[PDB]
């Protein structure tokens, strides 16, 4: 059993998941009670996107070791990957009962609540995960986003700042820092933060368009036009950029130009 299992593991570690599977099977015919082999089998399926199979084998493992926090968690992950967040929540909770000091189970429960739209729970769970281990830029950023969804921009900012100390190349944190400053009425700081996100992701049509909107809302149509042009160079099929370009001309009293861009917007999308 064990030698076959160790063979499977060596294949797994080298990323040969199909070979790992063959050898874990061999080990399981010789010892059908090896929860370790079931779980690793499951993992080898998970690694190929075969979530139905992973789940089956994780359940076998849990039959033999119902106190495997690891199997409960990976079960939760398989359901998470399939977008069944209610199941993910159930299994992560089962994991956390067995291992209540797992930062990963707390964080992922936070993620699942976030995906369900329960930002209050996301918050409580992210917080517990960061208590246990504050080293992930991503977790601080997600915490910030949850506060953002709850309209607490002042907390959002604090946590974005924390994400950015840990990872100042996070374009996402700069961008959302920008949004939070935007909603607090600090648009020049917003623009600054959008520009920083733009330096790190200069090929994002959406980020250029966003910056154009920021300028437009300040009545700087000169700059608005320039940014929308940039967005459209990156994505000529953006009805939204075409439309807002038309709006920027509209606001400047150039109606022939507004018409041209509005017409382009409406050829791409005739609903509004």
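Numbering follows the first chain given and starts at 1.
The mean C-alpha temperature factor is higher for 147 to 155 when 147 to 155 and 193 to 201 are set side by side. Here the stretch with the larger average CA B-factor, out of 25 to 33 and 43 to 51, is 25 to 33. When the C-alpha B factors of 71, 105, 173, 112 are read from the deposited coordinates, the top value falls at 105. When the CA B factors of the chain's modelled residues are split into thirds, the value for residue 92 lands in the lowest one. Residue 187: CA B factor in the highest third of modelled residues in this chain (values from the PDB entry). For residue 247, the recorded CA temperature factor ranks within the middle third of the chain's modelled residues. Ranked against the other modelled residues of its chain, the C-alpha B-factor of residue 240 as given in the entry falls in the lowest third.
In the PDB entry, a CA B factor belonging to the middle third of its chain's modelled residues is recorded for residue 161.
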